[PDB]
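Here you get one chain, nothing else, as C-alpha cells; it is the form solved without this ligand.
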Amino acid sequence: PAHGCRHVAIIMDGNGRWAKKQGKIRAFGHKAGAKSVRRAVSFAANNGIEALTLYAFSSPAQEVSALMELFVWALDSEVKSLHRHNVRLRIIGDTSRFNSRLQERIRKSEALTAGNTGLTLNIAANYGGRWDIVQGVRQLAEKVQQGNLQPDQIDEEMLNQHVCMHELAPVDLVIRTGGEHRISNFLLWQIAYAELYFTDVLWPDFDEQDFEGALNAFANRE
C-alpha cells in the first residue's frame, strides 16, 4: 500500500534474447521465464498488490492451438500452488475457439480460486486490446438488438463495465521488460491513465529488486 500501486500489468519479454546471449536454446529461456513469473507473482502477493496481469510477448494458426495446450497443461499444475498461496486466478483473452476440454480446465481453475483473499492474478492467453474492446462492444450490441439500450445511451462508463477486468482496481502501472517501447496490442482501454514503465532488463533477469524499482518509480511519479 505504501507504493499506492493497486494493479500492475506486465508485458513479459526477452526470454529468447536472454537464452541466445548464453548460447542456449529457447527451452532454456522459457524455463528461466517461468521461474521469473513465479518470482513476480510471489513478490506481488507479499507486497500488498491487489492485482497482477501478465502478458507473454512473442514476435500462424496451427501453433496457437498447440501453445494453449501447453498453457492449460501448465496451468493445471500451477493452480494448486496459486490456490495454496491464496491467489485468485483469472484468464483473459479469446478462449472461445478453445476446445471444450481445456476450456473447462480453465473454468475450474478459476472457480477453485475465486474465493481467495490474496492477490488476483490475470493471465493473458490469446488476448488482444482491440479484441477486448470489441467483445465488450458486441455485448452492448446484443442489448441494443434486444430493445433495451438506445445507441445514444452508450457512454464510456457503460463500455468500461464490459471490458476485461472491469471488476478490479484500474491498472496503475504497466511494466514492459525487454527493451521494446510499445504496448503491442496488450491492454489499451484499461491503460488510459496508467503509468508506463519501460526497462531493458530481459524477463528472466527481472527480479524482486527490479519490481521494487518499478514500484518506487511509480510512487515518486505524480
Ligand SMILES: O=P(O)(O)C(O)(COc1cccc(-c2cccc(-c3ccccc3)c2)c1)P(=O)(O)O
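Residue numbers run from 1 along the displayed sequence.
Keep in mind that the form solved in complex with this ligand is missing from the display, and what follows is about it.
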Completion exercise
Exactly one of 150, 117, 81, 96 comes within 4.5 Å of this ligand in the bound PDB entry through a heavy atom, and that residue is 81
Completion exercise
As a check of understanding, the residue in 164, 174, 51, 41 with any heavy atom within 4.5 Å of this ligand in the bound PDB entry should be identified as 41
Exercise for the section: Check whether residue 187 has any heavy atom within 4.5 Å of a heavy atom of this ligand in the bound PDB entry, and answer yes or no. Expected result: no
Exercise for the section: May I ask you to check whether residue 143 falls inside a 4.5 Å heavy atom distance of this ligand in the bound PDB entry? Expected result: no
Handout entry: Proximity of residue 45 to this ligand in the bound PDB entry, heavy atoms at 4.5 Å
Key = yes
Handout entry: Partner contacts in the bound PDB entry for 107-131 (non-hydrogen atom within 4.5 angstroms of this ligand)
Key = 121
